[PDB]
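Undergrad: Contents are PDB, C-alpha atoms; file name work37.pdb:
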```
ATOM      1  CA  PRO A  42      99.871 137.161  75.883
ATOM      2  CA  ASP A  43     102.596 134.678  76.868
ATOM      3  CA  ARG A  44     101.908 131.546  74.815
ATOM      4  CA  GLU A  45     105.237 129.860  75.655
ATOM      5  CA  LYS A  46     104.910 129.752  79.453
ATOM      6  CA  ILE A  47     102.455 126.914  80.128
ATOM      7  CA  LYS A  48     101.645 124.314  77.468
ATOM      8  CA  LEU A  49      99.227 121.409  77.389
ATOM      9  CA  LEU A  50     101.100 118.216  76.513
ATOM     10  CA  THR A  51      98.616 116.615  74.140
ATOM     11  CA  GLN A  52     100.195 113.148  74.073
ATOM     12  CA  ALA A  53      99.698 112.813  77.847
ATOM     13  CA  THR A  54      96.147 114.154  77.850
ATOM     14  CA  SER A  55      93.006 112.035  78.060
ATOM     15  CA  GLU A  56      89.729 112.480  76.220
ATOM     16  CA  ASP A  57      87.185 114.863  77.779
ATOM     17  CA  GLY A  58      89.901 116.385  79.960
ATOM     18  CA  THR A  59      90.168 115.067  83.537
ATOM     19  CA  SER A  60      93.796 114.079  82.826
ATOM     20  CA  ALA A  61      96.511 116.341  81.482
ATOM     21  CA  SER A  62     100.211 117.118  81.680
ATOM     22  CA  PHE A  63     101.138 120.800  81.718
ATOM     23  CA  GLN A  64     104.647 121.917  80.793
ATOM     24  CA  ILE A  65     105.598 125.148  82.572
ATOM     25  CA  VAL A  66     108.870 126.792  81.591
ATOM     26  CA  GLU A  67     111.045 128.800  83.995
ATOM     27  CA  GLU A  68     109.578 127.012  87.028
ATOM     28  CA  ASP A  69     111.085 124.555  89.489
ATOM     29  CA  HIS A  70     110.395 122.797  92.786
ATOM     30  CA  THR A  71     109.358 126.085  94.421
ATOM     31  CA  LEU A  72     106.167 126.548  92.416
ATOM     32  CA  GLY A  73     105.855 122.836  91.669
ATOM     33  CA  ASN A  74     105.546 121.563  95.235
ATOM     34  CA  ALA A  75     103.295 124.373  96.473
ATOM     35  CA  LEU A  76     101.041 123.966  93.435
ATOM     36  CA  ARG A  77     100.949 120.198  93.959
ATOM     37  CA  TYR A  78      99.968 120.627  97.618
ATOM     38  CA  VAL A  79      97.223 123.147  96.830
ATOM     39  CA  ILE A  80      95.847 121.086  93.932
ATOM     40  CA  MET A  81      95.856 117.959  96.089
ATOM     41  CA  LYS A  82      93.731 119.871  98.598
ATOM     42  CA  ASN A  83      91.052 119.936  95.854
ATOM     43  CA  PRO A  84      88.466 117.184  96.502
ATOM     44  CA  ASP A  85      88.040 116.433  92.784
ATOM     45  CA  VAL A  86      91.747 115.799  92.167
ATOM     46  CA  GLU A  87      92.786 112.147  92.328
ATOM     47  CA  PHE A  88      96.349 112.589  91.051
ATOM     48  CA  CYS A  89      98.646 115.591  91.230
ATOM     49  CA  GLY A  90     102.395 115.611  90.864
ATOM     50  CA  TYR A  91     105.194 117.418  89.086
ATOM     51  CA  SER A  92     108.522 116.302  87.702
ATOM     52  CA  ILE A  93     111.519 118.286  86.513
ATOM     53  CA  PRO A  94     112.540 116.059  83.579
ATOM     54  CA  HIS A  95     116.136 117.287  83.503
ATOM     55  CA  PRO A  96     118.129 119.699  85.693
ATOM     56  CA  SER A  97     119.632 121.234  82.533
ATOM     57  CA  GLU A  98     116.225 122.491  81.325
ATOM     58  CA  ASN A  99     114.137 125.182  83.022
ATOM     59  CA  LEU A 100     111.050 123.030  82.666
ATOM     60  CA  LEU A 101     108.293 121.541  84.793
ATOM     61  CA  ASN A 102     105.749 118.901  83.796
ATOM     62  CA  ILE A 103     102.834 118.786  86.247
ATOM     63  CA  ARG A 104     100.352 115.922  85.962
ATOM     64  CA  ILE A 105      96.750 116.466  87.061
ATOM     65  CA  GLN A 106      94.122 113.723  87.019
ATOM     66  CA  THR A 107      90.597 114.321  88.299
ATOM     67  CA  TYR A 108      87.371 112.388  88.593
ATOM     68  CA  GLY A 109      84.588 112.964  86.086
ATOM     69  CA  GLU A 110      83.325 116.160  87.719
ATOM     70  CA  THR A 111      85.905 118.730  86.569
ATOM     71  CA  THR A 112      88.837 118.851  84.156
ATOM     72  CA  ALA A 113      92.569 118.996  84.800
ATOM     73  CA  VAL A 114      92.688 122.541  83.403
ATOM     74  CA  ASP A 115      89.918 123.562  85.806
ATOM     75  CA  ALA A 116      91.791 121.963  88.708
ATOM     76  CA  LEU A 117      95.037 123.700  87.732
ATOM     77  CA  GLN A 118      93.353 127.110  87.519
ATOM     78  CA  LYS A 119      91.665 126.502  90.874
ATOM     79  CA  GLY A 120      94.972 125.505  92.454
ATOM     80  CA  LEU A 121      96.703 128.604  91.103
ATOM     81  CA  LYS A 122      93.928 130.852  92.431
ATOM     82  CA  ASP A 123      94.010 129.074  95.793
ATOM     83  CA  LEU A 124      97.777 129.563  96.026
ATOM     84  CA  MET A 125      97.109 133.240  95.305
ATOM     85  CA  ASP A 126      94.634 133.357  98.203
ATOM     86  CA  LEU A 127      97.104 131.533 100.469
ATOM     87  CA  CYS A 128      99.785 134.113  99.705
ATOM     88  CA  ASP A 129      97.269 136.908 100.308
ATOM     89  CA  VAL A 130      96.563 135.512 103.778
ATOM     90  CA  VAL A 131     100.258 135.102 104.601
ATOM     91  CA  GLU A 132     100.978 138.656 103.421
ATOM     92  CA  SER A 133      98.141 140.094 105.509
ATOM     93  CA  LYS A 134      99.187 138.264 108.682
ATOM     94  CA  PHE A 135     102.861 139.157 108.244
ATOM     95  CA  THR A 136     102.098 142.828 107.573
ATOM     96  CA  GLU A 137      99.778 143.014 110.585
ATOM     97  CA  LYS A 138     102.371 141.470 112.907
ATOM     98  CA  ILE A 139     105.211 143.624 111.549
ATOM     99  CA  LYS A 140     103.101 146.733 112.119
ATOM    100  CA  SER A 141     102.001 145.676 115.611
ATOM    101  CA  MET A 142     105.078 144.159 117.288
TER     102      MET A 142
ATOM    103  CA  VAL B 609     112.312 147.876 112.657
ATOM    104  CA  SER B 610     108.563 147.160 112.936
ATOM    105  CA  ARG B 611     107.761 149.460 109.982
ATOM    106  CA  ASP B 612     106.445 148.451 106.564
ATOM    107  CA  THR B 613     108.504 149.305 103.486
ATOM    108  CA  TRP B 614     106.643 147.347 100.794
ATOM    109  CA  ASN B 615     103.377 149.290 101.105
ATOM    110  CA  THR B 616     105.092 152.640 100.481
ATOM    111  CA  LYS B 617     107.611 151.531  97.835
ATOM    112  CA  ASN B 618     106.838 150.350  94.310
ATOM    113  CA  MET B 619     108.499 146.950  93.885
ATOM    114  CA  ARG B 620     110.145 147.602  90.521
ATOM    115  CA  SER B 621     112.730 144.828  90.947
ATOM    116  CA  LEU B 622     109.989 142.178  91.152
ATOM    117  CA  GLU B 623     108.940 142.736  87.531
ATOM    118  CA  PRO B 624     110.023 140.042  85.048
ATOM    119  CA  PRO B 625     113.108 141.066  83.018
TER     120      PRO B 625
ATOM    121  CA  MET C   1      75.202  90.249 104.801
ATOM    122  CA  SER C   2      75.905  87.886 101.904
ATOM    123  CA  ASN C   3      79.089  89.821 101.053
ATOM    124  CA  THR C   4      81.061  88.275 103.938
ATOM    125  CA  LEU C   5      83.053  85.252 102.775
ATOM    126  CA  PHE C   6      84.552  84.479 106.191
ATOM    127  CA  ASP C   7      84.073  85.651 109.768
ATOM    128  CA  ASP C   8      85.530  84.396 113.031
ATOM    129  CA  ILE C   9      86.914  85.400 116.418
ATOM    130  CA  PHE C  10      90.648  84.809 116.783
ATOM    131  CA  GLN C  11      92.836  84.656 119.887
ATOM    132  CA  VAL C  12      96.205  86.217 119.115
ATOM    133  CA  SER C  13      99.077  83.949 120.168
ATOM    134  CA  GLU C  14     102.241  85.714 118.962
ATOM    135  CA  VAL C  15     103.012  89.262 117.818
ATOM    136  CA  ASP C  16     106.632  89.589 116.701
ATOM    137  CA  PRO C  17     108.181  92.500 114.771
ATOM    138  CA  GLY C  18     110.956  90.962 112.722
ATOM    139  CA  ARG C  19     113.292  93.846 111.856
ATOM    140  CA  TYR C  20     110.194  96.026 111.444
ATOM    141  CA  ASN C  21     108.991  99.121 113.282
ATOM    142  CA  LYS C  22     105.348  99.402 112.193
ATOM    143  CA  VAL C  23     104.362  95.981 110.766
ATOM    144  CA  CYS C  24     103.996  92.856 112.905
ATOM    145  CA  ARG C  25     103.271  89.258 111.906
ATOM    146  CA  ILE C  26     100.558  88.224 114.346
ATOM    147  CA  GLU C  27      99.706  84.576 114.930
ATOM    148  CA  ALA C  28      96.118  83.927 115.966
ATOM    149  CA  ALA C  29      94.209  80.727 116.665
ATOM    150  CA  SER C  30      90.463  80.596 116.184
ATOM    151  CA  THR C  31      87.907  80.241 118.959
ATOM    152  CA  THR C  32      85.347  77.407 118.536
ATOM    153  CA  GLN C  33      87.193  76.308 115.341
ATOM    154  CA  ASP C  34      90.270  74.431 116.548
ATOM    155  CA  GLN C  35      91.503  73.726 113.002
ATOM    156  CA  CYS C  36      91.459  77.404 112.003
ATOM    157  CA  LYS C  37      94.798  79.208 112.307
ATOM    158  CA  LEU C  38      95.722  82.687 111.114
ATOM    159  CA  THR C  39      99.001  84.391 110.244
ATOM    160  CA  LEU C  40      98.622  88.058 109.379
ATOM    161  CA  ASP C  41     100.864  91.065 108.774
ATOM    162  CA  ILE C  42      99.314  94.174 110.331
ATOM    163  CA  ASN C  43     100.318  97.816 110.557
ATOM    164  CA  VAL C  44     100.470  97.871 114.360
ATOM    165  CA  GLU C  45     100.992 101.640 114.240
ATOM    166  CA  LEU C  46      97.408 102.065 112.967
ATOM    167  CA  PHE C  47      95.956  98.953 114.641
ATOM    168  CA  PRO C  48      98.016  97.922 117.675
ATOM    169  CA  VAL C  49      97.764  94.219 118.499
ATOM    170  CA  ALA C  50      99.024  92.628 121.715
ATOM    171  CA  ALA C  51      99.408  88.991 122.672
ATOM    172  CA  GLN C  52      96.270  87.184 123.873
ATOM    173  CA  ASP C  53      93.598  89.622 122.724
ATOM    174  CA  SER C  54      90.412  88.920 120.785
ATOM    175  CA  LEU C  55      90.268  89.850 117.092
ATOM    176  CA  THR C  56      87.167  89.674 114.902
ATOM    177  CA  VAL C  57      88.488  88.892 111.413
ATOM    178  CA  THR C  58      86.012  89.236 108.547
ATOM    179  CA  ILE C  59      86.793  88.557 104.884
ATOM    180  CA  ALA C  60      84.356  90.406 102.640
ATOM    181  CA  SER C  61      83.962  91.187  98.966
ATOM    182  CA  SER C  62      82.212  94.374  97.842
ATOM    183  CA  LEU C  63      82.872  96.253 101.068
ATOM    184  CA  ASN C  64      80.269  98.914 100.236
ATOM    185  CA  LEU C  65      77.492  96.250 100.085
ATOM    186  CA  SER C  74      82.793 106.390  84.536
ATOM    187  CA  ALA C  75      85.633 104.220  83.203
ATOM    188  CA  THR C  76      88.009 106.514  85.100
ATOM    189  CA  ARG C  77      90.117 103.424  85.998
ATOM    190  CA  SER C  78      91.522 105.097  89.140
ATOM    191  CA  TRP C  79      90.167 104.014  92.511
ATOM    192  CA  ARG C  80      87.935 106.617  94.127
ATOM    193  CA  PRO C  81      87.244 106.739  97.868
ATOM    194  CA  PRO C  82      83.573 106.416  98.774
ATOM    195  CA  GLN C  83      81.647 109.447  99.942
ATOM    196  CA  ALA C  84      82.154 110.378 103.586
ATOM    197  CA  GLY C  85      78.527 109.674 104.487
ATOM    198  CA  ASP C  86      78.147 106.214 102.941
ATOM    199  CA  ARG C  87      76.427 103.398 104.849
ATOM    200  CA  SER C  88      78.880 100.550 104.296
ATOM    201  CA  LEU C  89      80.820  97.799 105.971
ATOM    202  CA  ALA C  90      84.058  98.839 107.740
ATOM    203  CA  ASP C  91      81.990 101.302 109.788
ATOM    204  CA  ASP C  92      81.934  98.714 112.594
ATOM    205  CA  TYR C  93      85.587  97.737 112.035
ATOM    206  CA  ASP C  94      88.767  99.443 113.218
ATOM    207  CA  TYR C  95      91.260  98.110 110.647
ATOM    208  CA  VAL C  96      90.503  97.315 106.997
ATOM    209  CA  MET C  97      92.809  96.109 104.226
ATOM    210  CA  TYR C  98      92.212  95.345 100.551
ATOM    211  CA  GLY C  99      94.141  92.585  98.822
ATOM    212  CA  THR C 100      93.980  89.479  96.648
ATOM    213  CA  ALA C 101      93.800  85.762  97.347
ATOM    214  CA  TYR C 102      96.653  84.587  95.128
ATOM    215  CA  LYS C 103      97.154  80.976  96.244
ATOM    216  CA  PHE C 104      95.080  78.090  97.569
ATOM    217  CA  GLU C 105      97.080  75.121  98.835
ATOM    218  CA  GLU C 106      96.187  71.916 100.653
ATOM    219  CA  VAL C 107      97.951  71.342 103.967
ATOM    220  CA  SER C 108      96.363  67.884 104.496
ATOM    221  CA  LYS C 109      93.092  66.115 103.851
ATOM    222  CA  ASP C 110      90.030  68.276 104.671
ATOM    223  CA  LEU C 111      92.370  71.168 105.516
ATOM    224  CA  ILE C 112      93.492  73.939 103.151
ATOM    225  CA  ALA C 113      95.425  77.194 103.413
ATOM    226  CA  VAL C 114      94.377  80.401 101.646
ATOM    227  CA  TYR C 115      96.934  83.142 101.007
ATOM    228  CA  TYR C 116      96.109  86.843 100.668
ATOM    229  CA  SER C 117      98.432  89.724  99.798
ATOM    230  CA  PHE C 118      97.242  93.146 100.980
ATOM    231  CA  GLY C 119      99.844  95.119  99.069
ATOM    232  CA  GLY C 120     102.578  92.851 100.408
ATOM    233  CA  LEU C 121     101.097  92.492 103.891
ATOM    234  CA  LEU C 122     100.575  88.733 103.759
ATOM    235  CA  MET C 123      97.843  86.648 105.353
ATOM    236  CA  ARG C 124      97.676  82.858 105.573
ATOM    237  CA  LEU C 125      94.285  81.463 106.595
ATOM    238  CA  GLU C 126      93.927  77.791 107.508
ATOM    239  CA  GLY C 127      90.657  75.885 107.590
ATOM    240  CA  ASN C 128      88.662  72.975 106.227
ATOM    241  CA  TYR C 129      85.225  73.770 104.738
ATOM    242  CA  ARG C 130      85.077  77.150 102.985
ATOM    243  CA  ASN C 131      85.121  75.992  99.356
ATOM    244  CA  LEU C 132      81.935  77.877  98.427
ATOM    245  CA  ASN C 133      83.021  81.146 100.037
ATOM    246  CA  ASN C 134      86.708  81.919  99.358
ATOM    247  CA  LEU C 135      87.740  82.457  95.733
ATOM    248  CA  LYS C 136      90.958  83.607  94.064
ATOM    249  CA  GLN C 137      89.811  87.116  93.191
ATOM    250  CA  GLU C 138      91.003  90.683  93.659
ATOM    251  CA  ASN C 139      87.763  91.537  95.474
ATOM    252  CA  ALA C 140      88.756  90.680  99.040
ATOM    253  CA  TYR C 141      88.434  93.111 101.941
ATOM    254  CA  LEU C 142      89.887  92.100 105.295
ATOM    255  CA  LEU C 143      88.245  93.727 108.313
ATOM    256  CA  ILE C 144      89.635  93.464 111.848
ATOM    257  CA  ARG C 145      87.981  94.875 114.951
ATOM    258  CA  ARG C 146      89.082  94.424 118.547
TER     259      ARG C 146
ATOM    260  CA  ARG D1023      90.871  64.348  93.017
ATOM    261  CA  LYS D1024      91.433  60.765  94.163
ATOM    262  CA  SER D1025      92.449  62.079  97.589
ATOM    263  CA  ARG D1026      88.986  63.691  97.703
ATOM    264  CA  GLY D1027      87.309  60.319  97.096
ATOM    265  CA  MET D1028      86.096  61.156  93.590
ATOM    266  CA  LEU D1029      87.670  59.473  90.578
ATOM    267  CA  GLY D1030      91.113  60.682  89.560
ATOM    268  CA  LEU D1031      90.884  60.543  85.766
ATOM    269  CA  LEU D1032      94.539  60.240  84.842
ATOM    270  CA  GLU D1033      93.606  57.842  82.049
ATOM    271  CA  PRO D1034      90.693  58.465  79.685
ATOM    272  CA  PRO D1035      87.595  56.428  80.564
ATOM    273  CA  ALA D1036      86.317  53.571  78.420
ATOM    274  CA  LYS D1037      82.938  51.993  79.191
ATOM    275  CA  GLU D1038      79.295  52.114  78.150
ATOM    276  CA  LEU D1039      78.585  55.059  80.479
ATOM    277  CA  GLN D1040      81.810  56.756  79.337
ATOM    278  CA  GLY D1041      79.906  59.737  77.918
ATOM    279  CA  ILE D1042      78.369  60.778  81.240
ATOM    280  CA  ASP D1043      80.317  63.014  83.604
ATOM    281  CA  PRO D1044      81.739  60.932  86.493
ATOM    282  CA  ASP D1045      81.491  63.937  88.857
ATOM    283  CA  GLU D1046      77.697  63.798  89.215
ATOM    284  CA  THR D1047      77.661  61.607  92.335
ATOM    285  CA  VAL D1048      79.874  64.184  94.086
ATOM    286  CA  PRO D1049      77.568  66.392  96.232
ATOM    287  CA  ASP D1050      78.769  69.736  94.832
ATOM    288  CA  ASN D1051      81.167  70.189  97.778
ATOM    289  CA  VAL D1052      84.449  68.484  96.940
ATOM    290  CA  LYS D1053      83.877  69.485  93.301
ATOM    291  CA  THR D1054      84.112  73.175  94.159
ATOM    292  CA  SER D1055      86.902  72.348  96.618
ATOM    293  CA  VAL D1056      88.937  70.733  93.827
ATOM    294  CA  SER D1057      88.170  73.650  91.512
ATOM    295  CA  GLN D1058      89.393  75.885  94.348
ATOM    296  CA  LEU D1059      92.743  74.106  94.742
ATOM    297  CA  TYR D1060      93.581  73.133  91.139
ATOM    298  CA  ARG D1061      91.617  74.446  88.148
ATOM    299  CA  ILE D1062      93.425  73.956  84.830
ATOM    300  CA  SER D1063      91.412  75.378  81.946
ATOM    301  CA  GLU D1064      91.985  74.436  78.319
ATOM    302  CA  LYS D1065      92.896  78.025  77.456
ATOM    303  CA  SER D1066      95.660  77.870  80.075
ATOM    304  CA  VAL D1067      97.131  74.674  78.598
ATOM    305  CA  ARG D1068      97.002  76.043  75.056
ATOM    306  CA  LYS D1069      98.590  79.325  76.165
ATOM    307  CA  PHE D1070     101.395  77.502  77.975
ATOM    308  CA  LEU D1071     102.093  75.319  74.940
TER     309      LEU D1071
END
```
Using the file provided, produce a representation of the structure as C-alpha cells.
TA:
Amino acid sequence: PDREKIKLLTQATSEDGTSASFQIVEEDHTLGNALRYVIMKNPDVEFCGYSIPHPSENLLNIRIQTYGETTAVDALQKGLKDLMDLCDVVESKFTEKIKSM
Amino acid sequence: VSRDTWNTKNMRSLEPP
Amino acid sequence: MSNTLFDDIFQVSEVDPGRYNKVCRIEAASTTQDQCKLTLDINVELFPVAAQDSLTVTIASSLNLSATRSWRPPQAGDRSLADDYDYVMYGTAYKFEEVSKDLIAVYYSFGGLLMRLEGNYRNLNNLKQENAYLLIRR
Amino acid sequence: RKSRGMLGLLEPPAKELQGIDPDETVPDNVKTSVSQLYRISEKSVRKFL
C-alpha cells in the first residue's frame, strides 16, 4: 500500500471532482507525456497536461480537467489502464515479429 | 537472434529496489 | 436565420503574406455593395484564398442556432451553422469607428487574426460583443 | 451626434420642453448608430474618475 506515490493536490482540485492535480513522485517526462497523450484520447477530458515543477525534485504534477460526465480521478485511472493496454499490444506485436522473422 | 528471452526468464531486475 | 448579423459575397482583390507562412491578409471588395470593403487575416493553410475569387462572408452570433467555464465542442452530429461553411473563426468586435458620414468600420479580433469590415447601415445588427462567429465559404 | 443631424447636447438644455428627451424625433436608426460608435455610460465615467 504505497500512499506516498500519487497524491491528490487538494488546493488545485475543484468541487465534485472533474478537475484535479495529481502529484506523482519518482516520475518524469517518460510517464508524463505518454499518460498525457492517452488521457487526451479520452473524449471526456478537456484538459490534460503535466509539469515537472523543478528538475531537482523527482516530482510530477499532472492536471486533469473533464466535463461534467466523469471525474479527474476516473480519467486518470482510465488513462493508466489504457496505457497498460497499449503496452500489451506493443509487447504482443514485438514478440510475434521477433519469433517469426 | 530471433528467439525470445523474456518469456523464459523471470525479470528480477525489473522489480523496484 | 435571425442569428446572422451580416452576410455578403466578396471579391478578393489582394492576398499578401507579409513575413508569414500560413496567415494572409486578404483584401476583398463587396459585390452589389460598392461601399463595403473587407480586410481579413486568414489561415490560408486551412482555407486557401487566391486573388479574384468569390468569398461568402457571414457574421453570426450563436453559431449553433454546467458552470464548467471551459469551452466544449458541440456533439459531432449537431445540426448547426458552419455545416455549409468551409472556414469558421470565433472572435470579438472590439472597436467601432467612423470613417466618414454614413460609413463606419467594425473591427474583429479572432484570436489576433484581425478583420476590418467597412459599411454604412448595419447599426441594428453588429454589436461589440464576444459572440461573433465569422464563416467563410468559397 | 451633430454630424448625424440630431442635436449635439454639449451644453445642458434650457426651455419649457427641456424635460422631454430630444432624441424622440430620431427614427431609431441614427440613435442606435450613435450608441454603436460612442456609448459612454455613467458607471464608466464614475469608474474613470
Undergrad: Each side padded by 5 Å, which centre and which edge lengths in Å (one decimal) define the axis-aligned box around the listed atoms of stretch 1045-1059 of chain D? Give them as JSON.
TA:
```
{"center_x": 85.2, "center_y": 68.7, "center_z": 93.3, "size_x": 25.2, "size_y": 24.3, "size_z": 18.9}
```
Undergrad: For residue C:133, find every residue with an atom within 10 Å (counting only C-alpha atoms), except residues of its own chain fewer than 5 positions away, and show them as a PyMOL selection string.
TA: (chain C and resi 2-6+59-60) or (chain D and resi 1054)
Undergrad: Given the selection you just returned, output its residues as a file containing C-alpha atoms, formatted as a JSON list (two decimals), in the coordinates of the input.
TA:
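Listed below is the output, out_25.json:
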```
[["chain", "number", "residue", "atom", "x", "y", "z"],
["C", 2, "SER", "CA", 75.90, 87.89, 101.90],
["C", 3, "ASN", "CA", 79.09, 89.82, 101.05],
["C", 4, "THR", "CA", 81.06, 88.28, 103.94],
["C", 5, "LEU", "CA", 83.05, 85.25, 102.78],
["C", 6, "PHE", "CA", 84.55, 84.48, 106.19],
["C", 59, "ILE", "CA", 86.79, 88.56, 104.88],
["C", 60, "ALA", "CA", 84.36, 90.41, 102.64],
["D", 1054, "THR", "CA", 84.11, 73.18, 94.16]]
```
Undergrad: Tell me which residues the ChimeraX specification (/B :<12) & /A grabs here, as a PyMOL selection string.
TA: chain A and resi 67+132-133+135-142
Undergrad: Taking (113.4, 126.8, 83.3) in the file's coordinates as the center, which residues reach within 6 Å of it, counting all atoms listed in the file, put as a PyMOL selection string?
TA: chain A and resi 66-68+98-100
Undergrad: Near residue A:82, within 12 Å and counting only C-alpha atoms, which residues show up once chain neighbours fewer than 4 positions away are dropped, as a list in words?
TA: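 After dropping sequence-adjacent residues, the list is residues 75, 76, 77, 78, 86, 87, 88, 89, 116, 117, 119, 120, 121, 123 and 124 of chain A.
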Undergrad: Create the file for the chosen residues now, containing C-alpha atoms and written as a compact mmCIF listing (two decimals), keeping the file's coordinate frame.
TA:
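This is the output file out20.txt:
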```txt
# COMPACT_ATOMS: atom_id res chain seq x y z
CA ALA A 75 103.30 124.37 96.47
CA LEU A 76 101.04 123.97 93.44
CA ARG A 77 100.95 120.20 93.96
CA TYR A 78 99.97 120.63 97.62
CA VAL A 86 91.75 115.80 92.17
CA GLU A 87 92.79 112.15 92.33
CA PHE A 88 96.35 112.59 91.05
CA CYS A 89 98.65 115.59 91.23
CA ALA A 116 91.79 121.96 88.71
CA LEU A 117 95.04 123.70 87.73
CA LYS A 119 91.66 126.50 90.87
CA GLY A 120 94.97 125.50 92.45
CA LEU A 121 96.70 128.60 91.10
CA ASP A 123 94.01 129.07 95.79
CA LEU A 124 97.78 129.56 96.03
```
Undergrad: When you look at residue C:28 with a cut-off of 12 Å (counting all atoms listed in the file), what residues show up, excluding the ones that are within fewer than 6 positions of it in the same chain? I need them as an MDAnalysis selection string.
TA: chainID C and resid 8:16 34:41 49:57 123:126
Undergrad: Under the rule that all atoms listed in the file are counted, which of C:119, C:81, C:127, C:99 is the nearest residue to chain A?
TA: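 Distance minimum relative to chain A lands on C:81.
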Undergrad: Using only C-alpha atoms, find the one residue out of C:135, C:75, C:114, C:144 that sits nearest to chain A.
TA: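 Result for the nearest residue to chain A: C:75.
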Undergrad: Please find the residues of chain D near chain C - the criterion being any atom within 7 Å, counting all atoms listed in the file - and write them as a list in words.
TA: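 Every residue of chain D that passes the 7 Å test is in residues 1054, 1055, 1058 and 1059 of chain D.
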Undergrad: Calculated over all atoms listed in the file, which of the candidates A:55, A:72, A:126, A:108 has the smallest distance to chain C?
TA: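 Closest candidate: A:108.
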Undergrad: Just add N, CA, C and O atoms to stretch 97-109 of chain C and send it as a compact mmCIF listing (two decimals), keeping the file's coordinate frame.
TA:
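Output saved as out-v3.txt:
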```txt
# COMPACT_ATOMS: atom_id res chain seq x y z
N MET C 97 91.86 96.20 105.32
CA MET C 97 92.81 96.11 104.23
C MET C 97 92.15 95.50 103.00
O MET C 97 91.17 94.76 103.10
N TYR C 98 92.71 95.82 101.84
CA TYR C 98 92.21 95.34 100.55
C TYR C 98 93.34 94.63 99.84
O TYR C 98 94.41 95.21 99.60
N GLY C 99 93.12 93.36 99.49
CA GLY C 99 94.14 92.58 98.82
C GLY C 99 93.58 91.51 97.92
O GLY C 99 92.41 91.57 97.54
N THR C 100 94.40 90.53 97.57
CA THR C 100 93.98 89.48 96.65
C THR C 100 94.39 88.12 97.18
O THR C 100 95.51 87.94 97.66
N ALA C 101 93.47 87.16 97.10
CA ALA C 101 93.80 85.76 97.35
C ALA C 101 94.53 85.24 96.12
O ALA C 101 93.93 85.10 95.05
N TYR C 102 95.82 84.96 96.26
CA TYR C 102 96.65 84.59 95.13
C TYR C 102 97.06 83.12 95.13
O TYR C 102 97.64 82.66 94.15
N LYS C 103 96.78 82.38 96.20
CA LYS C 103 97.15 80.98 96.24
C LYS C 103 96.23 80.23 97.19
O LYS C 103 95.98 80.68 98.30
N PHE C 104 95.73 79.08 96.73
CA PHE C 104 95.08 78.09 97.57
C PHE C 104 95.94 76.84 97.55
O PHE C 104 96.29 76.34 96.47
N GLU C 105 96.28 76.33 98.73
CA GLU C 105 97.08 75.12 98.84
C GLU C 105 96.49 74.21 99.90
O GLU C 105 95.89 74.68 100.88
N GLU C 106 96.63 72.91 99.69
CA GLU C 106 96.19 71.92 100.65
C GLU C 106 97.31 71.66 101.65
O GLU C 106 98.46 71.45 101.25
N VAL C 107 96.98 71.69 102.93
CA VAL C 107 97.95 71.34 103.97
C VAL C 107 97.81 69.89 104.41
O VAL C 107 98.77 69.33 104.97
N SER C 108 96.66 69.27 104.17
CA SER C 108 96.36 67.88 104.50
C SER C 108 94.99 67.60 103.92
O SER C 108 94.40 68.45 103.23
N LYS C 109 94.48 66.40 104.18
CA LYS C 109 93.09 66.11 103.85
C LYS C 109 92.18 67.00 104.68
O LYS C 109 92.54 67.41 105.79
```
